[PDB]
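Shown here is one chain on its own, the form deposited in one PDB entry, set out as structure tokens.
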């Protein structure tokens, strides 16, 4: 009839959309046309539509949900909505009469996707019952259909005995290496062959981008393995972290997938559980796992789509990641200068602990201490909430936060963890980036500041450390008139200095690697895109991306930012602080170090920093803060508030 001709055209369109060679942007149009034919044919036929056409719509709606990538951290409701629509479309084929076999294949595969993105609307009990119903209806045919492998192996994770179907599952060449590994682990309960096949899975994961469906299931498998208390998860999580580290190298761009953090949390927790020189090499590995996580920041797909040499590389990466999403369904750590100490912070979420990985360059010693960050995070949130309302008047809430950093991290003031005279490079993690660790006060009476003993530097990650200039001082000011008028008239400011109304082009115009660049402008933060957070310069301002692509004359330059980090990065509504400041972009474009306030501070103190920095630029920042009221948090918390704001972001 005319229905079969239209359904066959819809089927041949769905087959084209199911072709992995189809582009994702073209696949969505194809399913649109196939669903245009199928829905319109369903509109006329209504309930009298044949079951093969209802399987066709369910197949089309399964493909629809494949093209709906998560635009944020949460799984989209359109994706749920599309699988929900396919399930009630396939229910019309289940309830009205090989066809039932093809109907249950797509019903169960839709339900597997629905279960993993919506555990409440399709829980494991309901999924298990319908997965079994497909199995007893002949949906165990793994040789020609890759979906029955997913049906059976999903039942393996559900605890259903599939010993009878194991032999044909392994024999089938359509089964994935991870799927073969899951079959060995769940059915045969043998760990040697599950190791062999997972290793072939993770070896292949070095080439599949992290948006691929296989990345989520591999990490989900290790989560199952960790929750099963098996010994396989420790070796597996490290091995797939290594594949992630390899895949990350292919702008500090990282695709956001939910299981990425738990992968690093699992890999960190695996190496921590394995931690003479072997123990130390494990702690070294902890800092490399932590550094690999902070080396890049995940960008949400909506921000990736809402983004010019970088435009090409972004479009290559965004297209590659989006394609691989839908394809699944169809500097050395010890190169620190002598006399320094590097504290790598890692906040595990899988466990409640934060971990401080310190490296003493003199001792060549790796040691780590765990701390509780939950109570500290609330004290930071109290400070952040109070600062965002009262600014300087929240200096009392800064003192308790600084007292909390010294109480939650007593090892900062322990000589074994961090020696006395050593310069400390802080590589914090998540909300510890917003923590004035230099301003921490040890949990003791008349506790001294951390900066009174150690010259503190900061890094978003160890991978931002550089190796390295003129004698010119450049002032790029786009600030309000009331502030820095006296600082303008300083004679030391060079001819490249745009001392009033400086623009984005003015920052790009710098070419001679000035000894000190002083940008006094306002900061504004894109709350979702670190790349779009900008320094409020003239002619529209200059973003993080524009600094990356357009500023080339700051090689080894010391940068003083008049914009507070609170302006540059958004406030934290979660433990994560994956937002790179505009100072991170300045580090990537070769600046030796960026000095700026961590929070809003009256411009007199910022100017007092710059004039102090104008002479003897190699001055240590902590020596200034000790003599400018940093040591006085009991007496004048406002004066402790202003000096603790200044931190150095960079590394020689």
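Whichever C-alpha set is largest while still superposing within 1.5 Å between the two forms counts as the rigid core. Residue numbers count along the first chain shown, from 1.
Omitted from view is the form deposited in another entry, to which the following refers.
No residue of 536, 284, 403, 260 other than 536 has its CA displaced by 2 Å or more between the shown form and the other one when the core is superposed. The Cα position of residue 517 differs by 2 Å or more between the shown form and the other one after fitting on the rigid core. With the core held fixed, the Cα of residue 491 is displaced between the shown form and the other one by 2 Å or more. Relative to the superposed rigid core, the position of the CA of residue 581 differs between the shown form and the other one by 2 Å or more. Between this form and the other one, the CA-CA gap for residue 437 and residue 567 narrows by 3 Å or more, being smaller in the other entry.
Relative to the shown form, the CA atoms of residue 223 and residue 325 are pushed 3 Å or more farther apart in the other entry.
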